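Report on the structure
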Amino acid sequence: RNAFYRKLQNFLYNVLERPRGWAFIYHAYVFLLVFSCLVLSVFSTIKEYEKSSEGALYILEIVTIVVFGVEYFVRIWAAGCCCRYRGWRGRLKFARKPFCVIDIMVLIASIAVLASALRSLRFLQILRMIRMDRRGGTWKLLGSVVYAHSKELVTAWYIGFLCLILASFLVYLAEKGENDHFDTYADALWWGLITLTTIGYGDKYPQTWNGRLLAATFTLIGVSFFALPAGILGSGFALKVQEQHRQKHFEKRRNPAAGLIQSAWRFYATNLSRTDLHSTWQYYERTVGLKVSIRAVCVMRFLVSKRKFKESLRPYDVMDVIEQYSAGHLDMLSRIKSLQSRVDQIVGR
Amino acid sequence: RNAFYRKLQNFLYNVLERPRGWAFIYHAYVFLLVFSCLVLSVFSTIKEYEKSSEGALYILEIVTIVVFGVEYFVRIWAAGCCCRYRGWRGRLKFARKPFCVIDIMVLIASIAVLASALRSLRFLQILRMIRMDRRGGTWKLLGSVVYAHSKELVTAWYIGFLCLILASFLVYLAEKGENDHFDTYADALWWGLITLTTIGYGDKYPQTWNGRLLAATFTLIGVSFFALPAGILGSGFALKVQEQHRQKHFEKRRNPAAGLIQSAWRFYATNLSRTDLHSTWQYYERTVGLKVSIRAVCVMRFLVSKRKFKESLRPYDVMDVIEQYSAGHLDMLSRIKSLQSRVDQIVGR
Amino acid sequence: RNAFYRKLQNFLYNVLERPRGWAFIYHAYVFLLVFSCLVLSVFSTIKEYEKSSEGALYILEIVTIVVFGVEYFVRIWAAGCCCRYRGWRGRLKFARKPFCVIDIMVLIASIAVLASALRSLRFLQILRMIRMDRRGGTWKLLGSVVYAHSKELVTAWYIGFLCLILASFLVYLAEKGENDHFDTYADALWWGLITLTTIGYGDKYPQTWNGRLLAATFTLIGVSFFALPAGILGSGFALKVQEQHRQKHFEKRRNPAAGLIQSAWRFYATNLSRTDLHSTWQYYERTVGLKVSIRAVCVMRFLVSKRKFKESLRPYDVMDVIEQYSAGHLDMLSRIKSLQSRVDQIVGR
Amino acid sequence: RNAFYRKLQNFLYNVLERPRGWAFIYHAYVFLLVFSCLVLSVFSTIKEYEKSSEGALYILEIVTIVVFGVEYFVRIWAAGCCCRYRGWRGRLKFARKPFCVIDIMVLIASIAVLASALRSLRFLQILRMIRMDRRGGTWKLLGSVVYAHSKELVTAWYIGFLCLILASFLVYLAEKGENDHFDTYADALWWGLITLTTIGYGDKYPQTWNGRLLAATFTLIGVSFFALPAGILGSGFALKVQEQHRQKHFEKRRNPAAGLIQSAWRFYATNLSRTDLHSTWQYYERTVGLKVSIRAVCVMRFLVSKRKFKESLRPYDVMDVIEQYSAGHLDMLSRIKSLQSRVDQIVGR
Amino acid sequence: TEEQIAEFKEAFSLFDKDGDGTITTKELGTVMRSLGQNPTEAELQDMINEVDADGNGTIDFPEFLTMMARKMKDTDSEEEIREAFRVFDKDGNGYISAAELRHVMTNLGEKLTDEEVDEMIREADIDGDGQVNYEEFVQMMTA
Amino acid sequence: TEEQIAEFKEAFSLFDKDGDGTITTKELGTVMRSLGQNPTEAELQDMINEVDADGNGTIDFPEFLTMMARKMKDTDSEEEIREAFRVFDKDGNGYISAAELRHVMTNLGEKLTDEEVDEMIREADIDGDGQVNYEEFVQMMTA
Amino acid sequence: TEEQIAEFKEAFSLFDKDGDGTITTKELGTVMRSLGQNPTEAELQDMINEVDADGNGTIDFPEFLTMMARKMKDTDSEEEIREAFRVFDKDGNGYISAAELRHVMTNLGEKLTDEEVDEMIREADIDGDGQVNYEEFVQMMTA
Amino acid sequence: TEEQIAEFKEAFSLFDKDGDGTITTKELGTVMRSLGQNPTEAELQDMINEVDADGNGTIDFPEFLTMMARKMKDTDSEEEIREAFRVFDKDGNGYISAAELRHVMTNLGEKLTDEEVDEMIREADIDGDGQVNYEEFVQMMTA
């Protein structure tokens, strides 16, 4: 069952690595497992519930380290579907992958904890919690949309910061005497930051008529300027995934893709890496030293294929209509001029 | 008045089932009725106002069960406009519809309550409150836009969760000594969750300089990351209903629709289900064994009609210009090549 | 200076009625005046500051009623620029306009207050505050965008309402014993409504481990579902004013507009309302009973002009490219078929 | 090294003035420096930490004034790359620039503070904090998007203001007797403003059944209307930067730009400002009194070049397809009419 | 009055060529040609959509009478004509120079001559300054 | 029954011209021509996509039998035909005038004559008022 | 000075062909042709929009004098020419290679020869490194 | 080795027709014609953009040697070819039927015959099931 052997290895590498469908259910169950371990460790530090906490913590920690252990080992086993990790040296470079080093690290570490280290336990749980990402795509998407909207976010925070200083300073002036809440400018700044973010603790509220009047004017501006970046980034993600949807449905790069594989096999079949290659070699000795002649021209054909693929790799939604209408109408200009010239050649007779 | 009989049955089935206009006023009045029943039942559990509560609850509950009873029964009566529910077996399968079973269930149930069951009363009121939907379209729209924006929502909650852990942990470290609020890491996590969501109870606020300084930095990040999914889903619904508006005005599928009904009647008139069919039969014996010949070719015509209707069933706003400009310019290519070829045939003479 | 007389009347009617530019500064100053009257009346009900309050209230109320009086009277005087209000009967129908009746009402009313009525004073100030709108465009825009987004708003509030009931009920069950805050289900519902809206008073916060654990899960869902309609309507206004901007720059209805005025004057000049009309009459007796002949055909020309204007009155942004590309390519189909047919007529020779 | 002299002057003027890349790191470090000076000055007013505060404040203030001094002076030195500031009079007009006057002002001012003035110190720090902008682009972008969305923001605040008055008034009526919180209408207005903005201090919460019932209905409307402008402006910035991105990628004004520089050098080379100009002069005496003849026609060519550049300076995303399709199809109309006419000239033979 | 009724009856029999108690679209074509202008088929059909109410393809005497019976006050064309002026209200204040009226009106679409457009100015610009407040003209005639 | 099986067998041999145990696209073309209509190549190819299941380029006897064996109840065309009616449900209530049915049906695409469209009305509008509740027709026949 | 005034007067009479105290668009066409280039009608009309101020259709002596009287410092073309350089400031730093200047300038639109574009480089790139800081050139000449 | 160096030297002199120490675009055209295919001018120019590095308009011996010296491992074409497979990874799992490979590859663009595409299958589908895991093929050859 060597074919079934490789099929099962394929399925393991499919679910464990980049998933498509219901594999998120497996990842969900290990997510809930490690998350409940986190929650129980949190319950451990409470003095009263400590007994039941540890009584379930030892057992469940053994469960989750067994699960992590088999997951890691079968991931190494399933790395065979990838060619870069095949055999001793390939699988060992897969072990040289930094993420897998962190994984085997926390495995042996936790086992060593079992072989005042409780703070280290919760630290390790936060580490293994971050581990769940495996991609860094979250920070990448966030940084992309932040760097895109950088100037507007800076505008919102800057003007809101000036509104915070001004409103808090005026309130402090108007409410120094008859209130023990605002005793310095620092406590006043604490009040400003707590209200403009719409948190509203209630420890420091204006208790005068000058202070309440000033706050009643600057609140409609503060709370509006400190809640801008949330709405901005929100609509940013919305528009970005909307245009990514549109561009996902308009790939239209299949032609250069097939051309890519076409001339790629043309190059490999013309490459001197194998001697049994004659089918494509014959296909060119029929359609008519010569080896390298067809080889060189084929490598040029594969390079123009690769670059054409790179060009058509980026068709957009608005760039489609824009560029194709510029192209369409300029071709149309060649059409109308060819029309007049050729019908004049009919007149020329 | 059998025609007026069926007309009144039609009007009842129109308002009771899928509504168009002012029928939402009837549904609004039954909505307010059942909602006031809910509110009064809530007032019932209060000890003092219990007397007036029950004094109106008995009466109004009788009113709303009478209304529900006649509504259910006349709905069964008005199901005649639908052909699938006609007569004993049809109307009884309509009674086999799960929603109607739940309805008759709560009817007989409430009557049995009248024939410590008060908790069951409020439970039944929540049930009949969910009943008002009748469609499940709410959860369907929500799930659609959530599954669409799934990765961005997960990004916001994941990074916000890490910000919650980090900020709360640092505060706990900086505010263990001189504060009785933060006594364990669990109370610190409660503080973090209450502030980053901008709830702000006020039971636990930092009372130091390290704690307030750390919170003053991580608040602008927490409150911005925990209020992202609201704005994201908001702009999601906005863009979705905006493109649904655009696509609602650009149906343009009338041609395959009329073709659908055209060849559908062609099939039925050619089908052997009735012997009196000769008009379309004659229409094909004039435009010239033969029965099944025209029948088979007509069934093929109806299948291509059904599939063409399925294709034109999905014209979009951007897909309209995109696909029709690709098509338009490729037709234009056939035009310019036909131009040059035919004017060369003028040159060829 | 009868021309200067009418010019000054024009300028008054321009600023007082529909404004264009800096007229918002005049309206701003009367806005601040009536608003400060409102604020001072609010300060009047406070027991201590009552003296200074009334001491400025009498004077400033006289100022604002004088301003309102002259504004109303000169508005009647400036209604001459409008033809519908010219002379006794015209200006009196302008006095029959409901808004002006409300205005003269509050004028004479306040004077009668000067000729326990303080509550009536603040009521009248709220009335005259609503008066500032004069158009009802605010409620119109709000209703437009609400009715557009009605189903999504209902979805958000409905699912949020169910989340409120479920979370509050579970908390009530988990926190009946060891807390005096949650004593009935009504107080629990008060807690749910106060937290899911992110108000967070702090009077009732869970003080257990079951309650805090349940709230910690349902808060991320509650606060996200109760803050959806704000973001939805926000992005709704944004997209609506964005497409109104686009459509504002693409009027392109100037041709049917000039045609409208063209054939409108054709009708009036052909109409029998004046005998001195001969210029256009001669313009048709040169370009050659006959009066009504040209009259009838001109009225038909004005009706097709009015309907063509009505059709071109609604060019959109996406409807422009969509309809003009459908039209453009169908004209193109007529072009290519005329091409082949006429070049075949060249082949036919 | 006069070329290296000017190169170093160029690099200084590049980073100090309008930056491109990593120069934001230098500006970030001076930002953190002045910001930490602000924070330390805030810590100074606290009574206890005053000692360490001033102990670091003196030193760090000397550091930041030295940095500001060298920055200002080398900015004057690096203004050589700009031609308008070259030598005594040029660099002195650069010193006449208002921003640089404010800068040298605060420099000499702070030195004079070192040569009860602490309040002046914090005022000067807020001034130098605003100084960091140097452009006013923040207020410009804010005013642009506010003035664009002015009517919707006014609608949200106006209807929310009426909801505030109505809800607060009703609550005040329902909660005058059995509550000491609401003692006047002013305290009731304070409650309304604090809740509808979702701040929620907790000092004044309804403690009845009429009040809580009324608030429970008007809260879903208040908190939704007072949090609209944040979402509106948020989606406004998002859509604006999205279309600015689109228009940033579709400049397409390179042709009139090169034409601008082309005929600009044509004018300068034809201008009488230099006698050594013969190359372009010869270029026109080869392609054939005459000086001013070619000069005048060249100035006309440069003016049409400048105006054509001004026209093509504003190509949009939607205006591109709209205007180019109107143009494309009207050119197409000229094509089809030329087609029929010229093929009729083939028929005419 | 019966005078104008019989007057429109004579207009009906002048529109009428074959005598079928109605006015076909071809009669419209040949009477427009009878004045010199050569219209298109769809033009006359649109005129039928303006006049006829029962949807026959022709113009009977009742619909022709109703078309001739109503005045500008019986059209509800106030907002319509104000919008049409607004498209040529470029600044948006309410005023256009008389020379611009001549230029646009006499060179856009169904253009007229100079005496006619000057009659428009003398009837629209009441006080006679060339700067026409279109609202005074539309509230004078259209209403 | 075997009667209809052999009946479709005769239809198979009538579709069949050269006798290769299947029905090619050209046989479809020449039998459509045998009725008078001249279809296009892509039309017959689309018909092949409707009938054939293994993807050969022709129509065998099993696929032809399956196409002739199923009725409207075996089509899952309820929502399909209701949407097609909805596109011609202009107001959206569920009703269209019988004259509008005639006009559209007999002038759009694959149009028919008057007796046929009137048969559609008599079969769709059950009680016979001209105002057709399309859902009664689709829940009568399509189901 | 009166020397340049009479010099532009001779330029006026050289532009002038028929002698109507102004310069028509056809005189512009025939003098552009007199140098070898054959312009279009709309081109000369655009030139009229550049020169004339009262809107007559020709070029009088006052408007021609005003067009010849102002220098680059009297144009407010600083931002205009900086934007035009920015479109060819591809990276956006402020620099372009001299060979790229030659390639674009001598092959885009109203192209020139090599000595002229090299004169542009020697006048724009002051220190002479081929890497032109366009702002030094525009703040030297345009201002 | 010097054997392959002189081998590419003979390829250089076979590309070379006039003998200018470089390979012009016309030599590319006539050698592509020498195999039977007639390319376009822009095609050969694009090939020049692939080979040449100094931007002359021809192909010298150093750039030709560098083009022939590098292998797929020296291309950084892993993501490129995986995306190209992804466009034909319709479901997105990583698999395509061998018959679909033949159909698309032999009928799209620069198509090949059946033995060649079957060689692609035997080299891509390693275990030989027709269901090709494209990533095994690209991580075998491309890397």
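Reading guide: rules and limits
- Residues numbered from 1 in each chain as written, not as in the entry; some residues may be left out.
- Chains lettered and ligands numbered in written order.
- Heavy atoms only, no water.
- Helix = DSSP H or I, 4+ residues; strand = E, 2+ residues; numbered from the N terminus.
- Rg over C-alpha atoms; globule rule 2.2 N^0.38 Å.
- Buried < 20%, exposed > 50% of the residue type's maximum accessible area, 1.4 Å probe, protein only.
- Areas by Shrake-Rupley, 256 points an atom, 1.4 Å probe, with all protein chains shown as cover.
- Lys, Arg positive; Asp, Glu negative; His and termini not counted.
- Charge placed at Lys NZ, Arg CZ, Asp CG, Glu CD.
- UniProt positions renumbered as here; feature names shortened; annotations may be inferred.
- Domains from an automatic or database assignment.
- Contact = heavy atoms within 4.5 Å.
- Buried area = accessible area lost by both parts, 1.4 Å probe.
- Salt bridge = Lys/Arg side-chain N within 4 Å of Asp/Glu carboxyl O.
- Least-squares fit on C-alpha atoms.
- Expected span 1.5 Å × (residues − 1).
- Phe/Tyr/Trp six-rings, centres within 6.5 Å; stacked < 30°, edge-to-face > 60°.
- Core = buried A, V, L, I, M, F, W, Y, C linked by side-chain atoms within 4.5 Å.
- Patch = residues over 30% accessible without salt bridge, like charges linked within 9 Å, V, L, I, M, F, W, Y side chains within 5 Å.
- Axes fitted to C-alpha atoms, helices over the stretch in contact; angles between N-to-C directions.
- Parallel < 35°, antiparallel > 145°, perpendicular 65-115°, else oblique.
- Polar contact = N/O pair within 3.5 Å; in protein donor to acceptor, adjacent residues only side chain to side chain.
- Disulfide = S-S within 2.5 Å.

For this deposited structure, the header cites cryo-EM as the method used and 3.6 Å as the resolution.

**Looking at the overall build of chain A**
Secondary structure summary: chain A contains 15 helices and zero strands in total. For 349 residues, the compact-globule estimate of 2.2 N^0.38 gives 20 Å, and the C-alpha radius of gyration of chain A, at 33 Å, exceeds that figure by more than 25%. Seen through its C-alpha atoms, chain A measures out along the principal axes to roughly 105 × 75 × 35 Å. Residues counted as buried form 50% of the 349 residues belonging to chain A. Of the roughly 18000 Å² that chain A leaves accessible, carbon and sulfur atoms contribute 64%. Across chain A, the centroid of the 47 positively charged side chains sits 17 Å from that of the 25 negatively charged ones.

**Some thoughts on the UniProt feature "intramembrane region" in chain A**
Under the UniProt annotation, the feature "intramembrane region" is placed at residues 185-197 of chain A. The annotated region residues 185-197 of chain A carries 92% helix and 0% strand content, and the separation between its end C-alpha atoms amounts to 18 Å.

**Re the domain arrangement of chain A**
As far as domains go, chain A holds domain 1 (2-134), domain 2 (150-230), domain 3 (253-314) and domain 4 (320-349). Of note, the centres of domain 2 of chain A and domain 3 of chain A, computed from C-alpha atoms alone, are 69 Å apart.

**Examining the interface of chain A and chain B**
Buried accessible area, meaning the area lost when the parts come together, often serves as the stated size of an interface. Taken together, the contact between chain A and chain B spans 53 residues of the former and 60 residues of the latter. The contact between chain A and chain B buries some 5000 Å² in all, and 70% of this surface belongs to carbon and sulfur atoms. Our count for the chain A to chain B interface comes out at three salt bridges. Between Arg342(A) and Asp344(B) there is a salt bridge, and its shortest N-O distance comes to 2.4 Å. When contributions to the side of chain A that touches chain B are tallied by element, the ones reaching two or more residues are α2 (23-45), α6 (118-131), α7 (137-148), α9 (185-196), α11 (228-249) and α15 (318-347) of chain A.

**So, the relation of the copies chain A and chain B**
When chain A is fitted to chain B, the best match, at an RMSD of 0.0 Å, comes from turning it 90° and sliding it 0.0 Å along the axis. The transformation just described matches what one would write down for a four-fold rotation axis.

**Description of α2(A)**
A rise of 1.5 Å per residue sets the reference length of α2(A), with its 23 residues, at 33 Å; its end C-alpha atoms lie 34 Å apart and thus fit the reference within 8%. On its buried face, α2(A) is in contact with α1 (2-16), α3 (50-78) and α6 of chain A together with α9 (185-196) of chain B.

**Let's talk about the packing of aromatic side chains**
Evaluation of the coordinates by the stated rule reveals 92 aromatic pairs over all chains. Centre to centre, the rings of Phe31(D) and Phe35(D) are 5.8 Å apart; their planes meet at 20°, and the pair counts as stacked. Residue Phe31(D) and its partner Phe35(D) are both found in helix α2 (residues 23-45); the two are separated by four residues, about one turn of the helix. Assessed through its relative accessible area of 29%, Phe35(D) is described here as partly exposed. Among the aromatic side chains, those forming a connected cluster through ring pairs are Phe123(A), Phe169(B), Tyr172(B) and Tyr185(B).

**Structural notes on the nonpolar core**
Nonpolar side chains tend toward joint burial in soluble globular proteins. Of all hydrophobic cores here, the largest spans 173 residues; its most connected members are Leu228(A), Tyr201(B), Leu228(B), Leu228(C) and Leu228(D). Every residue in contact with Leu228(D), bar those within four places of it in the chain, is listed here: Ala230(C), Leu233(C), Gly234(C), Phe237(C) and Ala156(D).

**Digging into a nonpolar patch on the surface**
All names here are of chain B. Taken together, the side chains of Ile62, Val66, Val70, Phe73, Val74, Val113 and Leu114 define a hydrophobic patch exposed on the protein surface, amounting to about 620 Å² of accessible area. Contributing elements (two or more residues each) for the nonpolar patch: α3 (50-78) and α5 (98-114). No other element matches α3, which puts five residues into the nonpolar patch. Checked against the element boundaries, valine 70 lands in helix α3.

**Section: the side chain of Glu136(F)**
With respect to the helices and strands, the residue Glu136(F) is situated in helix α8 (residues 134-142). Buried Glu136(F), no salt bridge; nearest opposite-charge side chain is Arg6(B), N-O distance 6.8 Å. With sequence-adjacent residues up to four places away left out, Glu136(F) is seen in contact with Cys81(B), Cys83(B), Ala124(F), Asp125(F) and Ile126(F).

**Examining the packing of helix α12 (residues 254-270) of chain C against helix α13 (residues 279-286) of chain C**
Residues and elements named next belong to chain C. Running from amino to carboxyl end, α12 crosses α13 at an angle of 100°, the nearest separation of the two axes being 8 Å. When the interaxial angle is binned, α12 and α13 end up roughly perpendicular. Side by side, α12 and α13 meet where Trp265, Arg266, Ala269 and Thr270 of the first sit next to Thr280, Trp281, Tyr283 and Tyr284 of the second.

**Comments concerning the pattern of salt bridges**
In this structure the tally under the stated criterion is 84 salt bridges over all chains. Two residues, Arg84(A) and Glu78(H), come together in a salt bridge whose shortest N-O distance is 3.6 Å. You can see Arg84(A) sitting in the loop between α3 and α4 (87-96) and its partner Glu78(H) sitting in helix α5 (residues 78-87), one on each of two chains. Under the relative-accessibility criterion, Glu78(H) is labelled buried at 10%. The residue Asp118(H) makes a salt bridge to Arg122(H) at a minimum N-O spacing of 4.0 Å. In this pair, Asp118(H) and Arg122(H) are both assigned in helix α7 (residues 114-124), four residues apart and thus about one turn of the helix distant. Several salt bridges converge on common partners, so that one network encompasses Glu17(A), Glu71(A), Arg75(A), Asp103(A), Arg131(A) and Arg134(A).

**Notes on the UniProt feature "binding site: Ca(2+) 3" in chain E**
Residue and element names in this part refer to chain E. Here, UniProt's "binding site: Ca(2+) 3" annotation points to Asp89, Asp91, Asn93, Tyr95 and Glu100. Note on placement: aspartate 89 falls in the loop between α5 (78-87) and α6 (98-105). The residue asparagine 93 is located in the loop between α5 and α6 in this model.

**Focus on the environment of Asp133(D)**
Tracing the chain through its elements places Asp133(D) in the loop between α6 (118-131) and α7 (137-148). Look at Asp133(D) and you get partly exposed, because its relative accessible area is 22%. Contact partners of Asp133(D), with chain neighbours within four places excluded, come to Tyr158(A), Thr138(D) and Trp139(D). Side-chain polar atoms of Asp133(D) contact the backbone nitrogen of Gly136(D), separated by 2.8 Å.

**Looking at the side chain of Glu61(A)**
Residue and element names in this part refer to chain A. On the secondary structure map, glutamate 61 appears in helix α3. No salt bridge is formed by the buried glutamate 61; the nearest opposite charge belongs to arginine 128, separated by 5.5 Å. Beyond its immediate chain neighbours, meaning those up to four positions away, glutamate 61 contacts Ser110 and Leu114.

**Description of the state of the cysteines**
All names here are of chain A. Following the criterion strictly, the structure yields zero disulfides over all chains and no others. The thiol sulfur of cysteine 81 is not disulfide-bonded, and the nearest other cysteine sulfur, from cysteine 82, lies at 7.1 Å. Residue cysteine 81 is classed as buried on the basis of its relative accessible area, which comes to 13%.

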